[PDB]
Amino acid sequence: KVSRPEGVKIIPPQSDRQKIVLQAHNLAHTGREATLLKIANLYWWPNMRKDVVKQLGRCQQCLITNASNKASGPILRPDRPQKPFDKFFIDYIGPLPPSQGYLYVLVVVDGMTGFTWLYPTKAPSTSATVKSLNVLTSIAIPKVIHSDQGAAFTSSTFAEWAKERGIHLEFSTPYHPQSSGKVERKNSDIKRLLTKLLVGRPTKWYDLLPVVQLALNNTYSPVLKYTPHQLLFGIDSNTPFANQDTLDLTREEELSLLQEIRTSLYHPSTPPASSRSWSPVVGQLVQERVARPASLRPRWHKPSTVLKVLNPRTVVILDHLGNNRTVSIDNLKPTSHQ
Amino acid sequence: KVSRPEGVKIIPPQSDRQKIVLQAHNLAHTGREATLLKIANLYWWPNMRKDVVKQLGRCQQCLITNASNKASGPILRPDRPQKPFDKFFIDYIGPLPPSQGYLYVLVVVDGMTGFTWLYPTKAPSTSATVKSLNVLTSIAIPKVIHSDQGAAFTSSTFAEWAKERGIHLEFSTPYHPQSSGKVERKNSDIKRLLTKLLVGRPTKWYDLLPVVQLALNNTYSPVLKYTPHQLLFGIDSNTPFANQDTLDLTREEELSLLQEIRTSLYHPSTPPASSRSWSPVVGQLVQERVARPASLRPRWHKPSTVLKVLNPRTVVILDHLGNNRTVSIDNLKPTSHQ
Amino acid sequence: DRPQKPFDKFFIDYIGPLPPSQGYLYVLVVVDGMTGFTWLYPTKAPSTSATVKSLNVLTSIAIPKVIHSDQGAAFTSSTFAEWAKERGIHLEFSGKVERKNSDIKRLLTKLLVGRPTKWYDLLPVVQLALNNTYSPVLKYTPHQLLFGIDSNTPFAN
Amino acid sequence: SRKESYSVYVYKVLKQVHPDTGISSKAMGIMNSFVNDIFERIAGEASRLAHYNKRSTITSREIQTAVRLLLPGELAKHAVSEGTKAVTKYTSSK
Amino acid sequence: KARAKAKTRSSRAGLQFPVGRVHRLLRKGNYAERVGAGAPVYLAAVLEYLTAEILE
DNA sequence: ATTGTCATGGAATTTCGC
DNA sequence: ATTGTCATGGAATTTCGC
C-alpha cells in the first residue's frame with residue numbers, strides 16, 4: 001500500500017509484476033503510454049516503465065502490426081556516369097489502351113543523358129524484351145543495365161542472354177520503385193507527351209512512338225541547357241531549330257570539348273536529414289514490410305537481424321523464411337523497445 | 001540579323017512572332033524554358049519570354065496535362081466541439097474477409113472524444129445505414145453528422161431520414177478523404193485492433209466487434225490522459241483497471257468539474273507554411289483534377305474560375321460541365337501563366 | 001563553309017537478295033559521309049512502302065540532311081519525295097564510304113550469303129565491328145567520332 | 001502418359017464416413033466417372049448461364065445456381081449449404 | 001532465394017477434392033472466359049458432398 | 001551484395017544602361 | 001456553401017535527492 005496526492009495506490013508483490021501488466025496490456029494491445037495509464041488507476045511502484053518495456057518485447061502480436069514513427073534519413077543522390085552506354089534503366093509501362101495489338105512499351109533510358117528508347121511489344125515476356133534490345137545492342141554495348149525486379153527480367157533465361165552481351169544486370173530492391181531513378185521519370189515524360197498528343201482523339205499511340213523518341217530526345221534539359229542529342233552524340237541532327245553555334249568549330253577538336261561539357265553538369269542536392277531519422281546497425285532487430293498485405297493481416301513480418309549494411313540506405317536482412325532479402329530502409333522499421 | 005558572343009543569331013519580323021514560337025512549342029510541348037532554348041539556336045530578339053508565355057495560355061494541350069509544382073499551404077486544424085453528440089464522422093470500411101454474411105462495418109466516431117461505435121451490415125446500402133443508426137439514435141441525437149460523399153449517404157432517401165432526426169448532414173469535398181478526420185484515424189485503429197486479435201487464426205471478426213468498442217473506448221489517449229468513457233460519460237464502468245481516484249468525490253458536483261476537464265485538452269499544431277504555397281483568389285483561373293483518370297488521358301480538366309472562397313482550403317469552382325463543384329485546394333492547380 | 005559534321009549525308013546501300021529470315025530480304029546498310037556509322041535496318045522489299053517503314057526507326061534517332069544513294073525503286077517515287085518534304089530533307093532524286101562499301105561489295109556479301117535464315121541472327125553482332133573500323137583519313141573509329149567518347153567494353157571493341 | 005483422375009480423392013472421402021471400408025477397382029471407376037459427369041453438368045450449365053446473362057465470368061454465384069438446377073429437392077438444400085461453408089472458411093483464410 | 005510455405009487451396013477451405021485441378025478444368029473446358037477464384041472452391045465442395053452421400 | 005528525379009513556374013537574383 | 005489526425009517511440013526536458 002502507498003499514498004499518492006491523487007488517491008491511494010497499491011504496491012503489488014514482486015511475483016505479481018509480469019502478471020499485472022500483461023493483463024493490462026492485452027486489454028487494448030497498446031504500447032508504452034496507454035498501457036501505463038491503465039496501471040495508473042490501481043497500482044504504482046518504482047520503475048513502472050521498466051516492466052512495460054519488458055512486456056512489449058515478448059508481445060509478438062503488437063510488434064507486427066504497429067508501424068514505425070521513425071522516418072528513414074536523407075536520400076542518396078548517386079553520381080551520373082561519365083560516359084553514355086553505361087547504365088540503362090529499363091521498365092515496361094502498360095497495359096495501356098490497345099493499338100495494333102500492342103499494350104506494353106519497353107522504355108530504355110540512358111543514365112548518362114535521358115535519351116529514351118522505345119520498343120513496343122505484345123506482352124511483357126522474357127523474349128519480348130530480348131528482341132527489343134537486339135535492336136538497341138546493334139547501336140552499342142552497355143556495361144550495366146539497371147531495372148526493377150520484374151517478372152520478365154528475373155527469369156533465368158533473360159540472364160543467360162545478358163551474360164552474352166557483357167550486360168551487368170542490376171536489380172532494384174523489391175517493392176521499391178524509387179530505386180530505378182530516371183526510367184520512373186521518363187515514364188512520367190512519355191505519359192506527358194503521348195497524353196498531350198492524344199487529346200481529343202482515339203488513343204492510337206502506336207503511330208506516335210517514332211515521334212516520342214525524337215521529341216523528348218530534343219527537349220532541352222532546363223537546368224542543364226543541352227539536348228539529349230548533344231550529350232549523347234555531340235551535335236544536332238537535321239531537326240527544326242537546331243544549333244548553328246557548333247558550326248563555328250572543328251569536329252576533330254570539339255570531341256574533347258564535349259568531355260568537358262559532360263563533367264560540368266548540375267548535380268542534385270541532398271535534403272537535410274530530419275530529426276526523427278534512424279540508422280541501421282549490424283545486429284539491430286528490424287522488421288520487413290509484408291509484400292502484398294491482405295486485408296486484416298500483419299503489415300510487418302517477425303523481427304530479423306541485419307547481416308550486412310551496404311550503404312546507409314541498403315541493408316541485407318535475415319528473414320523468417322531463411323532469406324537474405326536485400327531490402328531498402330524505406331521498407332524496414334526499427335523493432336520497438338530493444 | 002544580329003551578332004551574339006556565341007554566334008550569329010536572327011531577328012525575325014514582327015509578323016513572324018507567333019508562328020516561329022508555336023512551331024517550336026509543338027515540337028515537344030514544353031513549357032517556358034525548354035521552349036526557349038529551342039529558339040536560342042536560330043533566333044534572338046528583345047523580350048523572347050513575353051511571347052512564350054503568350055503561347056502557353058492558348059496551348060490547351062499543355063494546360064491539362066502538366067501538374068502544379070506549387071503545393072497547397074498550411075493545413076487547417078478545426079477546433080474540437082464542446083459537447084459530445086455534436087459531430088459524428090461516419091464511413092464504411094470493407095469489403096473485409098467475410099464472417100456471418102457480413103462484409104461492411106459502419107464506424108461512427110464521436111468528434112468530441114474518439115468513442116467509436118460499430119454496426120456491421122451486409123452491403124453498404126442506404127437502408128443498411130439507416131437501421132444502423134436507429135440503434136445509435138436510441139442513445140441521443142446529434143446536431144451534425146459528417147461523412148464522405150458516399151454512395152449510400154448522398155442518396156435522396158438517406159437525407160429524408162436525416163431531416164427527421166435533426167441531423168445536419170455534412171459531406172466532405174469529393175476525392176478528399178483527408179477531410180473526414182477522426183473516422184479515417186479510428187479505421188486505422190480498428191484495423192490495428194482486429195489485426196492484432198486475429199493473428200494466427202481464420203478471420204472470424206464478427207465475433208470480436210463487441211470487444212472493439214470496449215477495448216478502444218478504454219484506451220487512454222496518450223496525449224490527453226483520459227479514457228473515451230470519461231470524456232463521454234464522466235466515470236469508468238466496471239472494467240479491468242478502472243479509476244478509484246474519482247470515488248473520492250461527489251458525482252453531483254464533478255459534473256461541472258467535467259466541463260472544465262473537456263476545455264483543457266490538447267489542441268494540435270498547425271505546420272509552418274512552406275515557401276511554394278499558393279492562395280486561391282476569387283477570379284483566378286484554376287483547374288480541377290480529373291476524378292478517375294483513365295490511362296493516357298488528361299490528369300486535369302479545362303480551366304475554371306473561382307466563384308467563392310470559403311476558407312483558405314475550400315473553394316467553389318465553376319466547371320466545364322456548368323458545375324459548382326465545391327472542391328478542396330488539394331485538388332486544384334494554379335493555371336499556368338496567367 | 002564549315003568542316004564535315006555528323007548527320008549530313010547518308011549513303012544508303014542494299015545487299016542481296018539474301019534468302020528470307022521472317023521475310024526480310026535486302027540489308028539496308030546505311031553509312032554516314034562523315035562518321036561512317038552503320039545502321040542495319042533490313043527490309044523485306046526495296047519499295048517506297050517497305051523501306052520507309054525501316055526509315056521510321058532511323059528517323060527516330062537521327063535525321064540526315066541529304067538523302068542520297070544510287071537509283072532504285074524506293075528512291076524514284078514522288079510518294080518518297082513528299083515524305084522527304086515533311087522531314088525537311090533536300091533530295092537529289094526524282095572517302096570513308098567507299099572503304100565501307102569494300103566490306104559490303106566484297107566481304108559482307110560472301111559472309112551473309114550462305115545462311116538461309118541465320119544471317120539475320122548475327123546482324124547486331126556483325127554491325128558492332130563495323131562501328132569500329134580504322135579510317136586513316138580521320139584516325140578515329142565511327143564510335144569515337146559519333147559519341148565523343150571512346151570504346152566502352154572489349155566486347156564493343 | 002498421365003491420366004488425371006479423382007480416384008485418390010475418393011479415399012479421402014471414403015475414409016471420412018466409413019473408415020473401415022475398402023472399395024474395389026471397378027467401383028472406383030463409377031465414382032470416378034460419376035464425378036466427371038456431374039462435373040460437366042454443373043460446369044456446362046454454369047457455362048450456358050454465362051451466355052444467358054452476357055458475362056464472360058464464371059463466378060461462385062453461377063455454380064450455386066447450376067446446383068440448384070441439377071440437384072432435386074433435398075440435395076439442393078444441403079449441397080448449397082455444404083458449399084457456402086467451404087467458401088466462407090476459404091475466404092476468411094489466405 | 002526461397003519462398004513461403006505452399007499451402008494448398010484444398011487445405012485452406014477444409015475440403016478433400018482439389019481446387020487447383022478444378023480451376024484448370026474451368027479454363028480448359030471452354031465453359032467461359034473468366035472463372036472466379038471462389039467458383040472452383042464452391043464446386044469442389046459439391047463434388048465432395050455428393051461423393052460422400054453415395055459412399056455413405 | 002545497392003542508391004530518386006527532373007521538368008517547371010513564381011520569385012528571387014544579377015546584369016546593366018546611362 | 002467546408003477544414004487531417006493521432007497513437008508512438010527515441011530523445012530532449014524537468015524534477016529532485018541530498
# chains A, B, ... in the order shown; residues from 1 in each chain; ligands from 1
$ residues_around --residues "segment 65-67 of chain C" --least-positions-apart "4" --cutoff "10 Å" --atoms "only C-alpha atoms (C1' of nucleotides)" --output "PDB file with N, CA, C and O atoms, in the first residue's frame"
ATOM      1  N   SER A 237      21.116  16.646 -85.140  1.00  0.00           N
ATOM      2  CA  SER A 237      20.762  16.162 -86.462  1.00  0.00           C
ATOM      3  C   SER A 237      19.831  17.168 -87.126  1.00  0.00           C
ATOM      4  O   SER A 237      19.522  18.224 -86.566  1.00  0.00           O
ATOM      5  N   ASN A 238      19.364  16.832 -88.330  1.00  0.00           N
ATOM      6  CA  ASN A 238      18.531  17.749 -89.107  1.00  0.00           C
ATOM      7  C   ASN A 238      17.150  17.798 -88.466  1.00  0.00           C
ATOM      8  O   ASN A 238      16.221  17.088 -88.862  1.00  0.00           O
ATOM      9  N   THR A 239      17.030  18.652 -87.462  1.00  0.00           N
ATOM     10  CA  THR A 239      15.808  18.853 -86.708  1.00  0.00           C
ATOM     11  C   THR A 239      15.391  20.300 -86.897  1.00  0.00           C
ATOM     12  O   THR A 239      16.208  21.132 -87.304  1.00  0.00           O
TER      13      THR A 239
ATOM     14  N   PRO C   6      28.670  15.426 -88.303  1.00  0.00           N
ATOM     15  CA  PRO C   6      27.820  14.238 -88.418  1.00  0.00           C
ATOM     16  C   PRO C   6      26.441  14.581 -88.961  1.00  0.00           C
ATOM     17  O   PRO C   6      26.017  15.740 -88.942  1.00  0.00           O
ATOM     18  N   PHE C   7      25.773  13.548 -89.483  1.00  0.00           N
ATOM     19  CA  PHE C   7      24.353  13.541 -89.825  1.00  0.00           C
ATOM     20  C   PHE C   7      24.040  14.530 -90.937  1.00  0.00           C
ATOM     21  O   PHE C   7      23.072  15.293 -90.852  1.00  0.00           O
ATOM     22  N   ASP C   8      24.868  14.532 -91.979  1.00  0.00           N
ATOM     23  CA  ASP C   8      24.610  15.356 -93.148  1.00  0.00           C
ATOM     24  C   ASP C   8      24.190  14.515 -94.347  1.00  0.00           C
ATOM     25  O   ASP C   8      23.170  14.793 -94.983  1.00  0.00           O
ATOM     26  N   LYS C   9      24.955  13.468 -94.644  1.00  0.00           N
ATOM     27  CA  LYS C   9      24.892  12.810 -95.947  1.00  0.00           C
ATOM     28  C   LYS C   9      25.033  11.303 -95.728  1.00  0.00           C
ATOM     29  O   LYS C   9      26.145  10.772 -95.671  1.00  0.00           O
ATOM     30  N   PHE C  10      23.899  10.625 -95.598  1.00  0.00           N
ATOM     31  CA  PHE C  10      23.917   9.173 -95.529  1.00  0.00           C
ATOM     32  C   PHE C  10      24.035   8.593 -96.931  1.00  0.00           C
ATOM     33  O   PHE C  10      23.512   9.154 -97.897  1.00  0.00           O
ATOM     34  N   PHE C  11      24.728   7.464 -97.041  1.00  0.00           N
ATOM     35  CA  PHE C  11      24.812   6.716 -98.288  1.00  0.00           C
ATOM     36  C   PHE C  11      24.166   5.356 -98.082  1.00  0.00           C
ATOM     37  O   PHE C  11      24.717   4.499 -97.384  1.00  0.00           O
ATOM     38  N   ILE C  12      23.014   5.167 -98.713  1.00  0.00           N
ATOM     39  CA  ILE C  12      22.115   4.048 -98.464  1.00  0.00           C
ATOM     40  C   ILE C  12      22.485   2.904 -99.399  1.00  0.00           C
ATOM     41  O   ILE C  12      22.500   3.075-100.623  1.00  0.00           O
ATOM     42  N   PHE C  75      13.522   5.029-104.325  1.00  0.00           N
ATOM     43  CA  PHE C  75      14.157   6.329-104.383  1.00  0.00           C
ATOM     44  C   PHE C  75      13.815   7.084-105.653  1.00  0.00           C
ATOM     45  O   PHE C  75      14.550   7.998-106.036  1.00  0.00           O
ATOM     46  N   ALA C  84       9.761  13.088 -97.922  1.00  0.00           N
ATOM     47  CA  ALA C  84      11.007  13.786 -97.639  1.00  0.00           C
ATOM     48  C   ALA C  84      10.816  15.292 -97.528  1.00  0.00           C
ATOM     49  O   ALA C  84      11.695  15.985 -97.006  1.00  0.00           O
ATOM     50  N   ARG C  87       9.832  15.999 -93.797  1.00  0.00           N
ATOM     51  CA  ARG C  87      11.001  15.835 -92.947  1.00  0.00           C
ATOM     52  C   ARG C  87      12.079  16.870 -93.235  1.00  0.00           C
ATOM     53  O   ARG C  87      13.149  16.807 -92.622  1.00  0.00           O
ATOM     54  N   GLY C  88      11.826  17.805 -94.146  1.00  0.00           N
ATOM     55  CA  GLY C  88      12.737  18.906 -94.392  1.00  0.00           C
ATOM     56  C   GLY C  88      14.069  18.518 -94.988  1.00  0.00           C
ATOM     57  O   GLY C  88      15.057  19.241 -94.811  1.00  0.00           O
ATOM     58  N   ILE C  89      14.129  17.396 -95.695  1.00  0.00           N
ATOM     59  CA  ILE C  89      15.380  16.872 -96.226  1.00  0.00           C
ATOM     60  C   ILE C  89      15.412  17.146 -97.720  1.00  0.00           C
ATOM     61  O   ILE C  89      14.500  16.743 -98.454  1.00  0.00           O
ATOM     62  N   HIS C  90      16.456  17.838 -98.166  1.00  0.00           N
ATOM     63  CA  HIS C  90      16.650  18.096 -99.582  1.00  0.00           C
ATOM     64  C   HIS C  90      17.041  16.816-100.299  1.00  0.00           C
ATOM     65  O   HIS C  90      18.057  16.197 -99.973  1.00  0.00           O
ATOM     66  N   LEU C  91      16.237  16.422-101.275  1.00  0.00           N
ATOM     67  CA  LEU C  91      16.554  15.261-102.087  1.00  0.00           C
ATOM     68  C   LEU C  91      17.431  15.645-103.266  1.00  0.00           C
ATOM     69  O   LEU C  91      17.501  16.809-103.671  1.00  0.00           O
ATOM     70  N   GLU C  92      18.109  14.642-103.810  1.00  0.00           N
ATOM     71  CA  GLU C  92      18.824  14.754-105.070  1.00  0.00           C
ATOM     72  C   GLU C  92      18.310  13.740-106.081  1.00  0.00           C
ATOM     73  O   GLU C  92      19.082  13.247-106.910  1.00  0.00           O
ATOM     74  N   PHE C  93      17.016  13.425-106.019  1.00  0.00           N
ATOM     75  CA  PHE C  93      16.361  12.354-106.752  1.00  0.00           C
ATOM     76  C   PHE C  93      15.123  12.861-107.478  1.00  0.00           C
ATOM     77  O   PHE C  93      14.889  14.066-107.613  1.00  0.00           O
TER      78      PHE C  93
END
$ residues_around --residues "segment 92-95 of chain A" --least-positions-apart "4" --cutoff "6 Å" --atoms "only C-alpha atoms (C1' of nucleotides)" --output "PyMOL selection string"
chain A and resi 103-106
$ write_last_selection --atoms "N, CA and C atoms" --output "PDB file, in the first residue's frame"
ATOM      1  N   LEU A 103       0.391  -3.457 -76.168  1.00  0.00           N
ATOM      2  CA  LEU A 103      -0.034  -2.971 -74.860  1.00  0.00           C
ATOM      3  C   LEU A 103       1.116  -2.530 -73.977  1.00  0.00           C
ATOM      4  N   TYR A 104       2.297  -3.086 -74.193  1.00  0.00           N
ATOM      5  CA  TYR A 104       3.443  -2.903 -73.322  1.00  0.00           C
ATOM      6  C   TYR A 104       4.574  -2.253 -74.101  1.00  0.00           C
ATOM      7  N   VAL A 105       5.211  -1.250 -73.502  1.00  0.00           N
ATOM      8  CA  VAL A 105       6.283  -0.489 -74.141  1.00  0.00           C
ATOM      9  C   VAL A 105       7.518  -0.549 -73.261  1.00  0.00           C
ATOM     10  N   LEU A 106       8.541  -1.266 -73.709  1.00  0.00           N
ATOM     11  CA  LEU A 106       9.834  -1.192 -73.051  1.00  0.00           C
ATOM     12  C   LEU A 106      10.415   0.199 -73.243  1.00  0.00           C
TER      13      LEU A 106
END
$ atom_distance --atom1 "atom CA of residue 69 of chain D" --atom2 "atom CA of residue 42 of chain E"
15.3 Å
$ residues_around --residues "residue 1 of chain F" --least-positions-apart "3" --cutoff "12 Å" --atoms "only C-alpha atoms (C1' of nucleotides)" --output "PyMOL selection string"
chain A and resi 170-173+307-311+314-317+324-327
$ residues_around --residues "residue 11 of chain F" --least-positions-apart "2" --cutoff "10 Å" --atoms "only C-alpha atoms (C1' of nucleotides)" --output "short mmCIF file (atom, residue, chain, number, x, y, z; two decimals) with N, CA, C and O atoms (P, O5', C5', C4', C3', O3' and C1' of nucleotides), in the first residue's frame"
data_model
loop_
_atom_site.label_atom_id
_atom_site.label_comp_id
_atom_site.auth_asym_id
_atom_site.auth_seq_id
_atom_site.Cartn_x
_atom_site.Cartn_y
_atom_site.Cartn_z
N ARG B 276 6.74 27.41 -51.30
CA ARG B 276 5.99 27.30 -52.54
C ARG B 276 4.52 27.02 -52.25
O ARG B 276 3.93 26.12 -52.86
P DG F 9 6.13 26.16 -67.06
"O5'" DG F 9 5.73 27.31 -66.05
"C5'" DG F 9 4.51 27.21 -65.35
"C4'" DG F 9 4.62 27.74 -63.95
"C3'" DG F 9 4.72 29.24 -63.87
"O3'" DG F 9 4.09 29.66 -62.70
"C1'" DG F 9 6.67 28.30 -62.96
P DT F 13 17.13 37.35 -53.29
"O5'" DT F 13 17.90 37.21 -54.68
"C5'" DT F 13 18.44 35.96 -55.06
"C4'" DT F 13 19.24 36.07 -56.34
"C3'" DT F 13 20.21 37.25 -56.39
"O3'" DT F 13 21.46 36.84 -56.90
"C1'" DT F 13 18.78 37.30 -58.26
#
$ residues_around --residues "residue 77 of chain B" --least-positions-apart "3" --cutoff "9 Å" --atoms "only C-alpha atoms (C1' of nucleotides)" --output "compact mmCIF listing (two decimals) with N, CA and C atoms (P, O5', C5', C4', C3', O3' and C1' of nucleotides), in the first residue's frame"
# COMPACT_ATOMS: atom_id res chain seq x y z
N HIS B 267 -4.66 20.86 -28.13
CA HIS B 267 -5.04 21.24 -29.48
C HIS B 267 -3.84 21.03 -30.38
N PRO B 268 -4.03 20.55 -31.60
CA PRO B 268 -2.88 20.23 -32.46
C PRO B 268 -2.20 21.47 -33.01
N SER B 269 -1.00 21.26 -33.54
CA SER B 269 -0.19 22.35 -34.05
C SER B 269 -0.33 22.46 -35.57
N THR B 270 -0.54 23.68 -36.05
CA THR B 270 -0.52 23.94 -37.48
C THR B 270 0.92 23.91 -37.96
P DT G 3 -13.78 20.24 -45.76
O5' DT G 3 -12.43 20.89 -46.26
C5' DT G 3 -11.22 20.30 -45.90
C4' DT G 3 -10.51 21.15 -44.89
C3' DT G 3 -9.93 20.38 -43.72
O3' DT G 3 -8.72 20.92 -43.41
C1' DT G 3 -11.22 22.10 -42.93
P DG G 4 -7.41 20.38 -44.15
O5' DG G 4 -7.22 18.93 -43.55
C5' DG G 4 -6.72 18.78 -42.25
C4' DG G 4 -7.46 17.70 -41.51
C3' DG G 4 -7.11 17.58 -40.05
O3' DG G 4 -8.20 16.99 -39.37
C1' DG G 4 -6.43 15.66 -41.14
$ interface_residues --of "chain D" --to "chain E" --cutoff "7 Å" --atoms "only C-alpha atoms" --output "PyMOL selection string"
chain D and resi 9+12-14+17-18+35+43-44+47+50+56-60+63+79+82-84+86-87+89-90+93
$ select_by_dssp --residues "segment 85-136 of chain A" --states "alpha helix (DSSP H)" --output "list in words"
residues 126, 127, 128, 129, 130, 131, 132, 133 and 134 of chain A
$ closest_atom_pairs --of "chain F" --to "chain B" --cutoff "9 Å" --atoms "only C-alpha atoms (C1' of nucleotides)" --output "Markdown table"
| residue | atom | partner | partner_atom | distance |
| --- | --- | --- | --- | --- |
| F:7 | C1' | B:31 | CA | 8.5 |
| F:8 | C1' | B:69 | CA | 6.9 |
| F:9 | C1' | B:336 | CA | 7.2 |
| F:10 | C1' | B:276 | CA | 8.6 |
$ residues_around --residues "residue 47 of chain A" --least-positions-apart "6" --cutoff "12 Å" --atoms "only C-alpha atoms (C1' of nucleotides)" --output "list in words"
residues 11, 17, 36, 53 and 54 of chain A
$ residues_around --residues "residue 19 of chain A" --least-positions-apart "5" --cutoff "10 Å" --atoms "only C-alpha atoms (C1' of nucleotides)" --output "number ranges by chain"
A: 24-25, 55
$ select_by_dssp --residues "segment 24-151 of chain C" --states "strand (DSSP E or B)" --output "MDAnalysis selection string"
chainID C and resid 24 26 29:32 38:40 43 66:69 90:91 135 140
$ write_last_selection --atoms "N, CA and C atoms" --output "tab-separated table (two decimals), in the first residue's frame"
chain	number	residue	atom	x	y	z
C	24	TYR	N	12.58	-11.07	-94.45
C	24	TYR	CA	13.47	-9.97	-94.77
C	24	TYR	C	14.45	-10.37	-95.87
C	26	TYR	N	16.56	-7.60	-98.14
C	26	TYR	CA	17.61	-6.66	-98.55
C	26	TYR	C	18.13	-5.90	-97.34
C	29	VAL	N	21.90	-1.25	-95.56
C	29	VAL	CA	23.11	-0.73	-94.93
C	29	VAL	C	23.14	0.78	-95.13
C	30	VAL	N	23.20	1.53	-94.03
C	30	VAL	CA	23.30	2.98	-94.04
C	30	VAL	C	24.66	3.35	-93.47
C	31	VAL	N	25.42	4.15	-94.22
C	31	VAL	CA	26.73	4.64	-93.79
C	31	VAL	C	26.74	6.15	-93.96
C	32	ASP	N	27.13	6.88	-92.91
C	32	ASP	CA	27.19	8.33	-92.99
C	32	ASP	C	28.44	8.76	-93.75
C	38	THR	N	27.12	2.64	-88.92
C	38	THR	CA	26.38	1.58	-89.60
C	38	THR	C	25.07	1.30	-88.87
C	39	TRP	N	23.95	1.67	-89.50
C	39	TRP	CA	22.62	1.22	-89.12
C	39	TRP	C	22.26	0.06	-90.04
C	40	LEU	N	21.88	-1.08	-89.47
C	40	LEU	CA	21.39	-2.21	-90.26
C	40	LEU	C	19.90	-2.34	-89.97
C	43	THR	N	15.19	-4.80	-94.87
C	43	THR	CA	13.87	-4.67	-95.47
C	43	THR	C	13.43	-6.00	-96.06
C	66	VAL	N	20.99	15.29	-96.21
C	66	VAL	CA	20.86	14.94	-97.62
C	66	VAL	C	20.68	13.43	-97.72
C	67	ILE	N	19.55	13.01	-98.24
C	67	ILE	CA	19.30	11.61	-98.57
C	67	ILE	C	19.81	11.39	-99.99
C	68	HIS	N	20.86	10.58	-100.14
C	68	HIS	CA	21.42	10.38	-101.46
C	68	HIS	C	22.09	9.02	-101.55
C	69	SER	N	21.74	8.27	-102.58
C	69	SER	CA	22.35	6.99	-102.92
C	69	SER	C	22.26	6.78	-104.42
C	90	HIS	N	16.46	17.84	-98.17
C	90	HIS	CA	16.65	18.10	-99.58
C	90	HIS	C	17.04	16.82	-100.30
C	91	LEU	N	16.24	16.42	-101.27
C	91	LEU	CA	16.55	15.26	-102.09
C	91	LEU	C	17.43	15.65	-103.27
C	135	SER	N	39.70	4.50	-89.92
C	135	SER	CA	39.83	5.41	-91.03
C	135	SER	C	41.13	6.18	-90.89
C	140	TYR	N	40.10	7.91	-86.25
C	140	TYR	CA	39.16	7.51	-85.22
C	140	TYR	C	38.27	6.41	-85.77
$ closest_atom_pairs --of "chain A" --to "chain C" --cutoff "6 Å" --atoms "only C-alpha atoms" --output "CSV"
residue,atom,partner,partner_atom,distance
A:138,CA,C:124,CA,4.3
A:141,CA,C:156,CA,5.7
A:210,CA,C:60,CA,5.0
A:213,CA,C:60,CA,5.9
A:214,CA,C:60,CA,5.2
A:232,CA,C:147,CA,5.8
A:233,CA,C:147,CA,4.2
A:237,CA,C:63,CA,5.3
A:238,CA,C:63,CA,5.0
A:255,CA,C:148,CA,4.8
$ write_last_selection --atoms "N, CA and C atoms" --output "compact mmCIF listing (two decimals), in the first residue's frame"
# COMPACT_ATOMS: atom_id res chain seq x y z
N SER A 138 22.40 -3.32 -81.28
CA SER A 138 23.01 -3.04 -82.57
C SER A 138 23.76 -1.72 -82.56
N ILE A 141 27.14 -1.43 -76.90
CA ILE A 141 27.00 -2.39 -75.81
C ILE A 141 27.13 -1.67 -74.48
N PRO A 210 7.56 6.71 -82.94
CA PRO A 210 8.72 7.38 -83.53
C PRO A 210 8.77 8.88 -83.27
N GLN A 213 10.53 9.30 -79.22
CA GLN A 213 11.98 9.29 -79.07
C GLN A 213 12.69 10.20 -80.06
N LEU A 214 11.98 11.14 -80.68
CA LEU A 214 12.58 12.28 -81.34
C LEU A 214 12.10 13.61 -80.77
N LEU A 232 24.67 12.94 -75.93
CA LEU A 232 24.91 11.61 -76.45
C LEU A 232 25.83 11.62 -77.66
N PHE A 233 25.54 12.45 -78.66
CA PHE A 233 26.34 12.47 -79.87
C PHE A 233 27.36 13.60 -79.87
N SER A 237 21.12 16.65 -85.14
CA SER A 237 20.76 16.16 -86.46
C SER A 237 19.83 17.17 -87.13
N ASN A 238 19.36 16.83 -88.33
CA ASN A 238 18.53 17.75 -89.11
C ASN A 238 17.15 17.80 -88.47
N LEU A 255 35.48 17.09 -79.86
CA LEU A 255 35.29 15.83 -79.13
C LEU A 255 35.78 15.96 -77.69
$ atom_distance --atom1 "atom CA of residue 280 of chain B" --atom2 "atom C1' of residue 2 of chain G"
14.7 Å
$ atom_distance --atom1 "atom CA of residue 5 of chain E" --atom2 "atom CA of residue 4 of chain D"
25.1 Å
